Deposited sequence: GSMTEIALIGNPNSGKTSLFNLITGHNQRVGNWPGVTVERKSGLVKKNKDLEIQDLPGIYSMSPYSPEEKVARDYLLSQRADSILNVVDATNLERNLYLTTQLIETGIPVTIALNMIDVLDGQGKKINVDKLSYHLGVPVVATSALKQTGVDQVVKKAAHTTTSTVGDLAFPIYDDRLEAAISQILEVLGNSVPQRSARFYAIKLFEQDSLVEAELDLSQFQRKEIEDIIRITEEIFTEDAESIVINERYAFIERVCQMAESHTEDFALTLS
C-alpha cells in the first residue's frame, strides 16, 4: 500500500515521515526543505510504503519542487493521500485539501501542529471538521509525538467517494464537462480534471490531449455557465472553494453539541 504525504510546505511532512519510518530526512523551519520524493517503509506495518514529497500550496503550483508533488499525485501511483494540514493555518491549508479530494485518491488528514494550536489556547472540533470535509481527520503532533501511529493506521484503512459539493449551477457544468471527457482522463481523477478545465488551467489544458470537438464543447459549457453565474470561470471556482472552506472552518471552530 502506497501512502503519500501531501500538504503545504513547512507543515511537518518530513517530521512525520521520520517518526513513521525511523529515517532522519531533512527537517527545517522554513518552506521548501524537501525537494524530491523519499520512500520508506512504515515501521509498525511493513506492508505500507510511505512517500515524503516536497510541499505544495495548490494543484496549480509555482515552483519545480511543487511540480514534483503534483506530477507524483497525477501519476496515479498513490493508494492513499495522507494530507498533512497545519492546524494553526487551517483555512489556507484546506485550499489544497479540497483539490486533493477531487483526485479521487482517498484522503486522510493529519491535523498537525496541534500542540501549537493548544498553546495558542485554541481548539478545532475534529469530528465536525471530518464530517463536513467528508474525510477522516486525526490530530497529530510530530513534536509531542501524538496521533502519529493512529493517522497512519487510518490512512492505510482508506485504501481497502464524497467530494466537496459546490453551487448547483457549477455542479451542472462539472457534470457536463465529465460527459464530454469520457475516458480521456483517468476515471478516479475525472472531477479534478473537469474542474481544472472549467477554470481553463494552462497546465491541464496542455497535459490532456483533447480533440477539437471536446475542446469546443467545453468552451461552450464554460461560456453558458459564466452567463448563468454572471462571473468569469476562474472566479467561480476559486469563490466556490473559498465559500466551502469558510463553512467548514466555521464548523471546525464550533464546539456546540449537535442534537
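- According to the record, the deposited residues with no C-alpha atom in the structure span 1-3, 164-168, 268-272.
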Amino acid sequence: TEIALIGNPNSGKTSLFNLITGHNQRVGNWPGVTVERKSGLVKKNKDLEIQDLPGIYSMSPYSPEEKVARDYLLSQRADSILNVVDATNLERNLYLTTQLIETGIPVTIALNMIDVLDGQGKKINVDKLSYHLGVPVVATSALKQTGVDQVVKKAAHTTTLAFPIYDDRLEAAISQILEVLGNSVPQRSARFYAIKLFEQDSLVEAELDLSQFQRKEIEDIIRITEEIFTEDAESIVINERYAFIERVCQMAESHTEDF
From here on, numbers count along this sequence of modelled residues.
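- Stretches 183-191 and 116-124 differ in mean C-alpha B factor, with the higher average recorded for 116-124.
- The PDB entry records a higher mean C-alpha B factor for 246-254 than for its counterpart among 5-13 and 246-254.
- Across the residues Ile105, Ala139, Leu133, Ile177, the deposited record lists the maximum Cα B factor for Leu133.
- Looking at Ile221, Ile56, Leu203, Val27, the one whose CA carries the top B-factor in the deposited record is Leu203.
- Annotation for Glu217: C-alpha temperature factor in the lowest third relative to the rest of the modelled chain, per the entry.
- Sorting the modelled residues of the chain by their CA temperature factor places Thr146 in the highest third.
- When the modelled residues of the chain are ordered by C-alpha B-factor, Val35 sits in the middle third.
- Among all modelled residues in its chain, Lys43 ranks in the highest third by Cα B-factor.
- Among the modelled residues of its chain, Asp52 has a C-alpha B-factor that falls in the middle third, as given in the PDB entry.
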